[PDB]
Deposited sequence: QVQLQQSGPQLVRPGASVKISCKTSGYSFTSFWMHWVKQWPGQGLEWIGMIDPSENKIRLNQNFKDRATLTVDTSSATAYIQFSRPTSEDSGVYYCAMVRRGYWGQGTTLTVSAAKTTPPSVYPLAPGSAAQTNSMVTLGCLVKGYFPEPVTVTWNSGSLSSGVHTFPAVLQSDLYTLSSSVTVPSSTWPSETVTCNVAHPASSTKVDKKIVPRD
């Protein structure tokens, strides 16, 4: 019944101290070493280090010697990892774990960037000219940071939906999503793409109308 609940996602600027928590329950917190593991964006895992809550002793991978600092609070049974002067290199997903027991936290995503939060712009994608199946789409351009979610008719169309990963260019992400419906239901019926950017508190709807 061991549980390791980590804190939610964080977006900080370079040089701003950031701290990630991992709250434990269901076992004696001081009886087991606590590890931290980093998932590098688009790559693999790397062991950061481990801390003994009973002795406050630390074994740290020297690749993180002057980057991460591990602490504990035995009164609340929470383990902490802190980046005092984080850089863009420190971006990634951080896991707390009792590695040799097999218990892992869900992970915490940390994004270190100086880029300004920007709302997206949603543009329709409609064909210029037939077949039984017609593919539609809408383009979500120039936003920051991740993520954005896109649904179609508030979630009615789920069978043929693709949402492509965002690509980063000049501190701004752009994303596209596509739907395929039969020529019977379009443009005979409404097709609208619902974009949501929680970071900028943006909820906007764009209907796909056929071209001239």
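The deposited chain is incompletely modelled, with C-alpha atoms absent only over 130 to 132.
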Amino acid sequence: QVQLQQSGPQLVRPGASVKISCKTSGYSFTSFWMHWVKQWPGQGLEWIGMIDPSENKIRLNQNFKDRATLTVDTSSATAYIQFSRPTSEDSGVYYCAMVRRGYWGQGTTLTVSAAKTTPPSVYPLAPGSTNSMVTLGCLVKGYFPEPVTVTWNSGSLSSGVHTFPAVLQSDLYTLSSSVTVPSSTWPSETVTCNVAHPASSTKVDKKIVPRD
From here on, numbers count along this sequence of modelled residues.
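When the two stretches 69 to 77 and 99 to 107 are set side by side, the higher mean Cα temperature factor goes to 69 to 77. Remark: stretch with higher mean C-alpha B factor among 135 to 143 and 88 to 96 is 135 to 143.
Annotation for 24, 21, 10, 192: 192 ranks highest, by Cα B-factor. Of the candidates 174, 61, 43, 149, the deposited coordinates give 149 the top C-alpha B factor. When the modelled residues of the chain are ordered by their C-alpha B factor, residue 165 lands in the middle third.
When the modelled residues of the chain are ordered by C-alpha B-factor, residue 39 sits in the lowest third. Among all modelled residues in its chain, residue 178 ranks in the middle third by Cα B-factor. In the deposited entry, the Cα temperature factor of residue 31 places it in the lowest third of its chain's modelled residues.
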